[PDB]
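Quick heads-up: it's one chain on its own, the form deposited in one PDB entry, in structure tokens.
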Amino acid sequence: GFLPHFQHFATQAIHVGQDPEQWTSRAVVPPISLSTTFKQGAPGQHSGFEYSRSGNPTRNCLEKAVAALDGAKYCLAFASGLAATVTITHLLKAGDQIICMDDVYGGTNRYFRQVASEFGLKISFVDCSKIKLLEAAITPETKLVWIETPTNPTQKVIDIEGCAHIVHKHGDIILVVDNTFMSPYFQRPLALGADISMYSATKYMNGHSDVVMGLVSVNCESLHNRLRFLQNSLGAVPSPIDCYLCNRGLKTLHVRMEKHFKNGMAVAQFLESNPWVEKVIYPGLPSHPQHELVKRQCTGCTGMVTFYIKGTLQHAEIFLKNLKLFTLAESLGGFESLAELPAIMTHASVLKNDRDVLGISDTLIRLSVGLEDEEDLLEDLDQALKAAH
């Protein structure tokens, strides 16, 4: 009962930006152009490229593809997901206010809380999953609302169309949705009212655990020109090879995400059936408080499964150490299955008190279910939970 899948997604992921007529050789795969500079027929009159930081063939090809997958007009690539957040923040000026989602990636919390706040910006963390709390927190100085859905790691879900309703009542407020967890194959924030669709491409977009990159998709002409200026002026740009490698991962995004769905759902149901699991948070399960909201704004779910182990910190540790197929490591969205304890690793940059209020306890385990065989993944979780029973 999910949203119908996006129509030409697979065809566009393979061909947008990959036109052979772009190259003299008519190659079917875009070449990796490392050249920092380009010949000009006259001072200031180039043939499309002046300097790699401002633009280069391999990066523009990637931006073209991601924009199409997001239903966007424009896209911008950056050195990392955080670098995209920083560049987006530079759209503002001293005196502006930012409303940020309550549960967000540790680095996003760390940046807003400890860095951006020191340059004339007020940061307010609000649980926008309760949509009235967002409306109450908006102020005449609010210029940017930063949303994750599902949130990392508690996986709270936010009505994007509802928030866009509210946020756009006050005129000039930018709504950003960090769509890293879902990918554009399952959720298109721009089609739901958002002004900016942002990704940590390190996770699902690239999907091969070998490229650190951020992506930002936008439709507004004014908003794109401002973001493009900061891409060149701040210089947090990605390598053209990383762009090629990321564009390479997009070619299989559709088949990868579909398998993440099946394996993730199978893992979530198994964990809810386990006598040694206290709670399971997965947007695809009916037990999720926003399950029905997911189906109206998403075409499916991913392999990100969060759950609470029964017991204490030492039971969580024992489970993670007895894993033989899941790998104890940070990050997510790759072909290999990964397991982690956010309170001690990825979300240790969040204040401990803020962890407790959010539920990020010592027993919260986050899983990034990969593309391995289903029964092998379930046999690994079973043996490791039994080890920690």
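C-alpha atoms forming the largest set that superposes within 1.5 Å between two forms make up the rigid core. Sequential numbering from 1, following the sequence displayed.
A second form of this protein, the form deposited in another entry, is not displayed here; the remarks below concern that form.
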Core aligned, which of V255, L313, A136, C220 has the Cα that shifts 2 angstroms or more between this form and the one not shown?
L313
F229 C-alpha shift between this form and the one not shown of 2 Å or more, rigid core reference
no
With both forms fit on the core, is the shift of the CA atom of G106 between this form and the one not shown 2 Å or larger?
yes
Core fit, then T180 C-alpha moves 2 Å or more between this form and the one not shown:
no
One pair moves by 3 angstroms or more in the other entry: the C-alpha atoms of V157 and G106, which are closer
